[PDB]
Structure formats: C-alpha cells, structure tokens
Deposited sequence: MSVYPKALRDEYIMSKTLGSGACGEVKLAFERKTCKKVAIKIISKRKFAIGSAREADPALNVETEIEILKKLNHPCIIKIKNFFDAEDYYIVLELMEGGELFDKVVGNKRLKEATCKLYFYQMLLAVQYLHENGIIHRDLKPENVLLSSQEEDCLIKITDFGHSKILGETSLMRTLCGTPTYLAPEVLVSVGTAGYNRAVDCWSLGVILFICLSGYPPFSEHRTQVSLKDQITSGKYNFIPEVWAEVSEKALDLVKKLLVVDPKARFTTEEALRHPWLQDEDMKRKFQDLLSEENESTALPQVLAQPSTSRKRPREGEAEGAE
C-alpha cells in the first residue's frame, strides 16, 4: 500500500530511521519549510487518545506532536531526535559515564514529575522509550510512547467512600490502604533504567540464575555484581536502592529522587539549562 494522500500532500517521505513492534519510524521532509521531521507509523488504549494526551502536555523532556494522520495506519509527525533511542547506548553491556547518566536521569525525573503533577502515569518507561536529541553525549532527552499511559482522576473508590458501606464488600475497604499509588510504578521503572545506565546490565533477568524473574522482582533482590559497580559512586547506587523499593508507599517519588544528594550537581544542572537555550529560536522580548 501507499502513504495517505493527505500525508503526501504536506511531506516527502524518505528512509527508515527505526522499527518498533507497532511499526517503523521514517525520515520525512516538511514541504513548507524543507526541514526534516520524524514520522512514526502505527498499524491498525487507542492512538487518537494518546495523541490527545500528548497535545496537551508541554515539557521540554516530553515529545511533542507536530501532526497526525488517521488513515489505513496512523502516522504521527514529530521533531527529529537524531540521537535515537537510549536503548542503543546501553545494549550489549555498553555503559555511559556516570556524568552522562546523571544528565539523562535528571531529565527523565523532570519529565515524569511533570506527568505525575498533571495526573498522567506513563506505565511503559524503558530505554526504547527515551529518545536522544543529538548524537552528542550531552543532549536533551525526551520521553515517548504513551500507548500504555493512564489519566488519573476521581476513582470508583472515591465515589464508593462517600458512605455508607452497609452493602460494601470488605476487599474494597481493604484496598483503601494502598489506593492512589499507581504512579509509583513509573518510579520503579526509572530505578531499573538508572541501574541499567550506570552498570550496563539489567537488575532483574533470567541470565545465569535459578531464581525466577518474578521472585527476583517481588523480593527486590537485584543482581549486584561488585566489579561492575566499583567504578560507580555510592550516591548513584543509593538512589537506585531507594527507587527499587518493593513497597510502593515507601518507594521514592520523583520529588524525593530530585532532592537526592546524587542530583545536587550544579554542573549537570548548568549543562541542562545550556541545552534548553540552544534549542531556540525565540521571538523578540520587551
């Protein structure tokens, strides 16, 4: 099949930049400006509502939608993230220097904090869903793929608790203890991402062990290899450990992580602000 007419009208399509299970990412040129864009193809919960979420969000570490076409397949137009996926930087036991880990992780934290402040949980944070702005090591990152995201709001539980529980089942009452911590799943995922970035290997995996992946995760017993970690700081590992806390209520939130000693780094923060300014292009100001 061909590209939809409406897409062809505005864009010239070019080479493949990447592939997901859902579909490819293509290079394209916007006809009006002659500038490069990326087009994510998703073949035919749903995409239109994901796009609606992303249209409302406004944060420099969250991907922005330039255009959208709902045709035979879905075509999503966004700015080019020439660095590609974080995945490719950590695969095959490759690892980033601690400084680069901190810069990237600070931005992930700011992004996820913004999401949680805005009543959104991502629920699919992993290195394949972190995009890099450039091939330079010091670059902005942007979180993508909101296909598993969920919008927080007034729960069925809250409506039930406007009393009285004469006919209400005990398990609903018991669920009150732990309700409203769904966002903590993103903080766990961030912990796994950080672990992988610092060490070059996954904390929980079926590689050379008889402990099931499930038991590894529920017990919180990550695979600690001293020689790999000797090079990494104690402060970096300390943060990892406060994010990979099994009790979701005790787990570090994004606010707690941002206040952690590891992220109290004015150099890293200077670099991030420098990177933000480079990205413009602003209008004149009074």
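According to the record, the deposited residues with no C-alpha atom in the structure span 1, 46 to 59, 302 to 323.
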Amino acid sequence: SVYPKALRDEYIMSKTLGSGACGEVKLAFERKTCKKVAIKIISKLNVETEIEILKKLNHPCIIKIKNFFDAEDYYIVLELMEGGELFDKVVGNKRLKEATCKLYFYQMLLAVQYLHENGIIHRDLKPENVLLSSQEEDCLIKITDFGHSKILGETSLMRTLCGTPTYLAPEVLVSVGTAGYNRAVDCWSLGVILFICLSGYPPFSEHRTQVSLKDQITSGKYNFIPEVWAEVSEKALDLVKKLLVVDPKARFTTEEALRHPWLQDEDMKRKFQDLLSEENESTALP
From here on, numbers count along this sequence of modelled residues.
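Rigid core (definition): largest C-alpha set, two forms, superposition within 1.5 Å.
RMS Cα deviation from the shown model in 9 other deposited structures of this protein, rigid core fit, is larger for 155 to 163 than for the other stretch of the pair 140 to 148 / 155 to 163. Taking the root mean square of CA deviations in 9 other deposited structures of this protein after fitting on the rigid core, 74 to 82 and 186 to 194 differ, and the farther of the two is 74 to 82. In the record comparison, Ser19 is unmodelled in at least a third of the other entries of this protein that model the residues flanking it. Per the records, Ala257 is modelled in every other compared entry, just as the shown structure includes it, so no third of them leave it out. When the two stretches 122 to 130 and 135 to 143 are set side by side, the higher mean Cα temperature factor goes to 135 to 143. Look at the mean CA B-factor for 90 to 98 and for 77 to 85 in the entry; the higher one is 90 to 98. Sorting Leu109, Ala71, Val185, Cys197 by the CA temperature factor given in the entry leaves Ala71 at the top. Taking the PDB entry at face value, the top CA B factor among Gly191, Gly163, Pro202, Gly177 belongs to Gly163.
Among all modelled residues in its chain, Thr49 ranks in the highest third by Cα B-factor. Looking at the C-alpha B-factors along this chain, the one for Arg208 belongs to the highest third. Annotation for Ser233: CA B-factor lies in the highest third of the chain's modelled residues. For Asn67, the recorded CA temperature factor ranks within the middle third of the chain's modelled residues.
In this PDB entry, the Cα temperature factor of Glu227 sits in the top third of its chain's modelled residues, the highest group.
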